[PDB]
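Descriptive structure summary
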There are 6 protein chains.
Amino acid sequence: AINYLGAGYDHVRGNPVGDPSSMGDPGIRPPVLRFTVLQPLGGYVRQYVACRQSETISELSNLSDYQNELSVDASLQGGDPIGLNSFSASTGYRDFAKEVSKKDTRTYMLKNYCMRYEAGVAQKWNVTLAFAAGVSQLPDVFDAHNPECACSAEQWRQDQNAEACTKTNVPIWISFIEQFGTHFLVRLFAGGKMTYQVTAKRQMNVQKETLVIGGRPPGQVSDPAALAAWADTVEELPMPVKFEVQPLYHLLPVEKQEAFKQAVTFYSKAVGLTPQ
Amino acid sequence: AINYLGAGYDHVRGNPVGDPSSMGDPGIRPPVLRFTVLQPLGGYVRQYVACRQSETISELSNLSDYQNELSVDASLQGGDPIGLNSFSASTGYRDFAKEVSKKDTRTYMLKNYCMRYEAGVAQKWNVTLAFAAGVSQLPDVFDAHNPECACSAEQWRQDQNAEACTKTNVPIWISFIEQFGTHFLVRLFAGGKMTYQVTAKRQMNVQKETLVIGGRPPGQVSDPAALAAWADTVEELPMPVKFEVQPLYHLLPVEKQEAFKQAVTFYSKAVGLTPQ
Amino acid sequence: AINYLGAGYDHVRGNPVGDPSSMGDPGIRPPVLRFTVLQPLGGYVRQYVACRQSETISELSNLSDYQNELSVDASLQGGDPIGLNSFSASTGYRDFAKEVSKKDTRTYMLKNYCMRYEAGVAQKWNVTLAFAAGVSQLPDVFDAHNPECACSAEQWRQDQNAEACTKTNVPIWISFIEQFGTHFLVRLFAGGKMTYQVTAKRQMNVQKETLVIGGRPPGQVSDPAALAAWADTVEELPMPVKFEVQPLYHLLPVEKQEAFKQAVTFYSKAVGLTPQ
Amino acid sequence: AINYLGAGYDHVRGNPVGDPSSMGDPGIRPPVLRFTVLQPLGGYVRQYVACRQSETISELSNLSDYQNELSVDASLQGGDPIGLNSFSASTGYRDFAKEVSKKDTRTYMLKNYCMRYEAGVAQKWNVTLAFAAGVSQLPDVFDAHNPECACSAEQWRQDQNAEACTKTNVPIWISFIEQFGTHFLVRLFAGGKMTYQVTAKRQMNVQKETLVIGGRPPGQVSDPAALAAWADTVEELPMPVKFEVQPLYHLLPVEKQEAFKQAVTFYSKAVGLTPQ
Amino acid sequence: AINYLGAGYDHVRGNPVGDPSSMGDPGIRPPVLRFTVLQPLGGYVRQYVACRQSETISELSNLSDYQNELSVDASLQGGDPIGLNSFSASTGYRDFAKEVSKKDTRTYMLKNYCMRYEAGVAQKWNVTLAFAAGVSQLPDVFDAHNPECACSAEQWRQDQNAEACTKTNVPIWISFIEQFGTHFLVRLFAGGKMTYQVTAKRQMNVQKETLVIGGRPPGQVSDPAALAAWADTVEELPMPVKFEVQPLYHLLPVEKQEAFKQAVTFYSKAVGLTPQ
Amino acid sequence: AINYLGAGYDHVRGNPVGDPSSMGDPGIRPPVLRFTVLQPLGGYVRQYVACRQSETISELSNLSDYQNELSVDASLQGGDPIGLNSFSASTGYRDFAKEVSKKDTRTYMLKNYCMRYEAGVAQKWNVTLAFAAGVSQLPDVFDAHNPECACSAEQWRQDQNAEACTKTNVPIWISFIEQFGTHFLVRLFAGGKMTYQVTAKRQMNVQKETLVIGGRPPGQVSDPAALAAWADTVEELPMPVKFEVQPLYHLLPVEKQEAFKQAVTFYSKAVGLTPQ
Ligand SMILES: *[C@@H]1O[C@H](CO)[C@@H](O)[C@H](O)[C@H]1NC(C)=O
Ligand SMILES: *[C@@H]1O[C@H](CO)[C@@H](O)[C@H](O)[C@H]1NC(C)=O
Ligand SMILES: *[C@@H]1O[C@H](CO)[C@@H](O)[C@H](O)[C@H]1NC(C)=O
Ligand SMILES: *[C@@H]1O[C@H](CO)[C@@H](O)[C@H](O)[C@H]1NC(C)=O
Ligand SMILES: *[C@@H]1O[C@H](CO)[C@@H](O)[C@H](O)[C@H]1NC(C)=O
Ligand SMILES: *[C@@H]1O[C@H](CO)[C@@H](O)[C@H](O)[C@H]1NC(C)=O
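The structure reproduced in this document is the subject of the present report. (Residues numbered from 1 in each chain as written, not as in the entry; some residues may be left out. Chains lettered and ligands numbered in written order. Heavy atoms only, no water.)

Glancing now at the site of ligand 1. Residues and elements named next belong to chain A. Residues in contact with ligand 1, as listed here, are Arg 34, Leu 41, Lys 124 and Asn 126. In the environment of ligand 1, an oxygen atom lies 2.4 Å from a nitrogen or oxygen atom belonging to the side chain of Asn 126. With the chains in place, 47% of the 360 Å² that ligand 1 exposes on its own is no longer accessible. In the shell around ligand 1, the residues fall into one nonpolar, one polar and two charged. (Near = heavy atom within 4 Å. Polar contact = N/O pair within 3.5 Å; in protein donor to acceptor, adjacent residues only side chain to side chain. Areas by Shrake-Rupley, 256 points an atom, 1.4 Å probe, with all protein chains shown as cover. Nonpolar A, V, L, I, M, F, W, Y, C, P; charged D, E, K, R; others polar.)

Structure, rendered in structure tokens:
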């Protein structure tokens, strides 16, 4: 199968309940760590019998409830939320924001976890070659951290190709973040996850949207047989459905760690959406 | 698949819940705009995983409720209703008018949306060759705007072949409208939509009519297997089930815009049905 | 498929809910009108998507309720009942009369309409060649209209081969009516119709008879699969399940119309059953 | 198919709800009448669409109720019961007698009729060749009608091979009755009939026996699919499930009618079971 | 098929609801009677249509309820219980005794009879060759009937190879009993029988054991398809599921009958289990 | 099939409800006893018809309830618990400890037994060759039994390769225990066992984990068909689901029994987890 342990993760663009243009979390990025059924040196893989099943239901009354429900499946190592406008750039976040602004409707989220294995590390890492070259191309200073830098977060949001930004090294940092993300996965439950977002008026007016992680694309969620077939494809193509991450700056040389931290704050502000 | 972004739309003859002689909205017209998975220049296409599902139910007590339920799926850009006797020339509108005039029955509408992708433009357009030639054959003045013109809207409704009309340029404008419509689609959700119209007496007397948009013709709506097969055919032949339009006069030269607006008002009165 | 627009109809022997010896209304007669997906000149055919479904239920307390339930599906143009002992010569009429005479039971009728298309004319007709020859062989006077004619209606009911009738021209008229019926179809909804007649005692004593119009012969009404298969055969062999007729004398030369009206009154009296 | 109109019938050994050693009424005998979809001369055959279904339930508190439930399906022409110890020699009669003698149980009978056609005669008959030869072998006198005849009904019940009977012509008459029965079918509803005899104690102690008429042997009555398959085989092998009979002595020469009537009374007493 | 009429039966080791090491009653022994669809001389076989079905349920509060439920299916001719520690040596008897000793649980038994035919004799029998030779090797006296005989029933239970027993002829008699049983079947209903023994605590703590007679070994009792397949194998391999027996001493020469009765009492005490 | 009678058993690492890395109890070890459908000399094998089914449900409020529910299926001969930190080193034990520490959730365990046969011994054994060689390599004294020995249980838990332990003979004893376990199976019920561990919050928040013993790996527990297929594979690969064990020291020479008992107490403390 595919290894997602050590994969990069964009906490701003990620969404652990899914996206209609991806079969997994859209924040998952190419692998960042390099490793050595089979156990990776320094970590572990524990395979399940069939699928470890779990289900959740939550009434999402505001944006904070949706944020908390996403943070349950994509948090810092230990369970603390990533924050920093996490998930706010994803489509599902914007869709739910539009639906929750309507006070005449109430939305619930139902998660169905079909877990197939667990993997993790415990801590002297070696990174991938692509990540190493990318880091070697990074400067030691983040230009937008300087007060009165012409390239501010709004300037990047409005026009990143303006002269105010193209003269600084900000596009290099943002290209790195766009390539590898802001965090990396240190622990994960992989398999399939089928989540239903159900919106009810105040007429039995009810709407139901289906969001899927893992397996092959399912033809019909209402079909029982197609659902079972999707569950059969989950065994073949499992993908992370609940994971914990560590910040990427722990993997950079210290002379770039502070500038990278400033770069990810800048990125979280320019790409992320404050509730406005 | 087939591109419907920029397709013409007759707001008078259209019906966004369907027509028994069409697999889609009977008002959709051949493409009016020309464009350049793949993204059209100036717009966007966002593909879904499987089907984005949604369901609605509404009690239709009068003609205005039906107008509102159709306007939900076929409106001006921004969500405002098209109005101007919209949908009033379609078969479904006349059938429902006949059913709602009977005060001894109550009718409900259940929509089932099976959406596969979204497309749109944001605004320097280029039109199709057929639309350009059609516009080049149009005059600069609409004759029926002149007061005391022998060719009025009622005269066209009674006999459009009469001398009062064949001497004016009105038939040219109406042939253009009959070819390309009155608006054009600027944003759309495409796929399938199965709508049930259920009429109950005041005896468990209940009638149910099925209207379908998108996919291949379904053999049996009561059959579960035939319904699932139709859902499988929606992936192959998706069609607009909820869209937003802009008036066509924005695409004509400025010297013809006023005459075209007068022509579409004339058309809305002569072909459209006021509640009488 | 087969064209039933303009088909003859015997309103006395007809029965729009079916017959165990026919797959359609036993009163339907060979085509009377000649015509020119495809639209017949002077009329229209409107094809449905799948099946337009409808269901009815009625408690039949007496013969008049059954007469009204049949008249709903076989009426004059406009909805008025045909009458004139309509349907009274059909088998189902006699069966239900026998069941309703028993005051210790109560019978209900459940109709299930599976309509596939609608057809009609609007009015200069030409008839078929067989109908033209039949009319050319008709006299201008109906002998039984003369007072004290030896050939009365009951005399025809008892023995039509008696000398009292074989000397008059009545057998010619009755042969014509027996060939083409008394009316002809001017509007029709065709497809399939499954009607259940359920008789309950006053012990859960219940009897259920099934009567079918349209499609191929169904093997088992209780089998779900065989019922679905019948619904699939309705698409192939659709037959009129709800129609409106016009009297046949409108199609005869004026010199024969009065004698034909007298002939159909005589026929309705001799063949039809008054509730005795 | 097989014609049962005019078949002989042993009213003593018959049982219209069935027998496990026969697929039909065990009292049906070879055809007695000879005849000429197709209509037999002197009678009628009326075919149904699919199956005319009917269902009954009755609580059988004593032997008279069971006698009445059987007589409904095998009666004299007009509906009057055959009587004369009818059905009393059949196995099902003896089984039910054993069960109804137990006052600690209560038995119910549920009939399910799946009728496919009706046939009948109206009255100059010709009998079959076998029946004619059998009658020609009959004497004009029945010996056991003579008072103090050594061959009585009890003597026949004890030992029919005793000298008291073999010297008289009683064995000839009883051989004729054993070959052709005592009545013959003049009207019949043929098809399938599944009857359940359900006995409840006074613990939810319930016993259910299945008795089947018509069609092919069904594999499993509790299986839904095997039941449907049996219903499909009923179309192929329909058998009388509700019929009306006339005494056989109407078909014999007048000089033998009285002796045959005495022979059938003798047979009903010697073979039939009075409730002792 | 296999004939079980006249088969020997060990009433001590038998169990008519089944055994996990046998497909039938573990007490059935090789055939003892010799006989001559086809009818055996002196007896009868009555074949059923499909399966004569029956169901029973009983709450087994103590050992006597279980004894009565087994005696229903294996009794003396006429319905009287065999007694004499009948069934007490079988495994199922010991299992249920262990479960009924626990007063914190309650056990119910559900029988499902699938009967295919009935057979019996009515009474000059001839036995099989093996049974005749076995009887010819028997003495005329049973040694353990002599008072104070060193070989008692308890001594046989403790050690049958001790000098106290091997000097007497008791091992010969017990070898005969071990070969042919203690009774023989004179009437039987054969087919399949699925019995569920359900034990409930006093938590929805429930245990269910399945015991089967007849047919082929079933793969899964909870599977509907495997159950139906077992029912189809019952048609191929029917076995006695409810029978009536007569003591074997009626088949021995009179000089050996009394010694055989003493031998079967001895066997019932030494092998049977009194409720201790 | 495979013999598990006489297999070694590690009571510390075992878990009789399963493990996601094993198809059976993870404590089962290679066979320790050597033996001679077929009956092993000194023991017995009793095969069932299909599956002996049983089900249990228990609310697990604390670690002791889980310990008791596991001890039901893996106990000393007679039913007494093994104790000595039994099961505490298994993955399932640690997972349940983590879940029961959360006082905001309540966990239930549902067992489903599908038993296929029972085996046992009654007591002069000969052991396997591997076990005999392993015992011959054992010393007669356990070094860690000496007070103030540098190699204690905590030292073994922290670092077993330290000089404090590698100088003593403790690694030899622990290698023997790691190979053959601490007990061996003397009685067993083998087949399949599907256990559900269901955790409920205090929102219908519910989680369900599936643990399986026996048969082939099941693809999907929620699929009915995959569950039935697993039940079909249990017949092919039955494994112990409820067994009773005896301590291994009964199989060692008397001069090594005390040192082995000290070695297994040492192992139970060093590898086992006390509730801290
Ligand atoms: C990768 O890192 C691991 C430590 O996690 C180390 O053991 C290994 O040697 C490293 N890879 C190489 C090629 O040295
Ligand atoms: C059509 O218009 C688009 C703007 O949306 C433009 O990019 C494109 O070049 C035009 N077509 C051609 C052939 O130039
Ligand atoms: C039949 O009638 C139509 C109009 O109803 C007419 O156009 C046509 O000419 C007629 N048929 C022939 C053969 O002329
Ligand atoms: C049989 O009887 C019919 C009348 O029921 C008669 O028409 C026919 O001639 C008879 N058969 C023969 C061979 O004559
Ligand atoms: C078997 O017994 C029957 C009577 O039960 C008898 O007629 C027959 O002769 C016996 N068999 C032989 C071989 O004699
Ligand atoms: C092992 O012991 C069995 C009895 O349990 C004995 O029959 C057998 O001979 C021994 N093994 C060998 C290889 O002899």
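We are not done yet, so read on.
The tally for this structure, following the rule as stated, stands at six disulfides over all chains. Across the disulfide from B:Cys151 sits B:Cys165; the S-S distance is 2.0 Å. Across the S-S bond linking B:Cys151 and B:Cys165, the dihedral sits near 95°, which makes this disulfide right-handed. Of the two residues, B:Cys151 is situated in the loop between α3 (129-136) and α4 (153-158) and B:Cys165 in helix α5 (residues 163-166); the sequence distance between them amounts to 14 residues. As far as the burial class goes, B:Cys151 and B:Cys165 line up, both buried. In this model C:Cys114 remains outside any disulfide bridge; the closest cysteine sulfur is found in C:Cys51, 4.1 Å from its own. C:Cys151 supplies the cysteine sulfur nearest to C:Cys149, a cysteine that is in no disulfide, at a spacing of 5.6 Å. With relative accessibility at 21%, the residue C:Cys149 sits in the partly exposed group. (Disulfide = S-S within 2.5 Å. Helix = DSSP H or I, 4+ residues; strand = E, 2+ residues; numbered from the N terminus. Buried < 20%, exposed > 50% of the residue type's maximum accessible area, 1.4 Å probe, protein only.)

Moving on, we come to the relation of the copies chain B and chain A. Superposing chain B onto chain A requires a rotation of 59° together with a translation of 0.5 Å along the rotation axis, leaving an RMSD of 0.1 Å. Accordingly, the operation relating the two chain copies is best matched by a six-fold axis. (Least-squares fit on C-alpha atoms.)

All names here are of chain B. Checked against the element boundaries, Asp 73 lands in the loop between α1 (63-71) and β5 (74-76). Look at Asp 73 and you get buried, because its relative accessible area is 0%. Engagement of the side chain of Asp 73 in a polar contact is seen with the side chain of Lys 193, the distance being 2.6 Å. Apart from the residues lying within four places of it in its own chain, the contact partners of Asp 73 are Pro 16, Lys 111, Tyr 113, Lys 193, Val 241, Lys 242 and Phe 243. (Contact = heavy atoms within 4.5 Å.)

Another aspect to go through is the arrangement of the chains. Contacts are most numerous between chains A and B, considering all six pairs of chains that are in contact. Considering only C-alpha positions, the minimal separation of the non-contacting chain B and chain F is 20 Å. Chain D makes no contact with chain F; the smallest distance between any of their C-alpha atoms is 19 Å.

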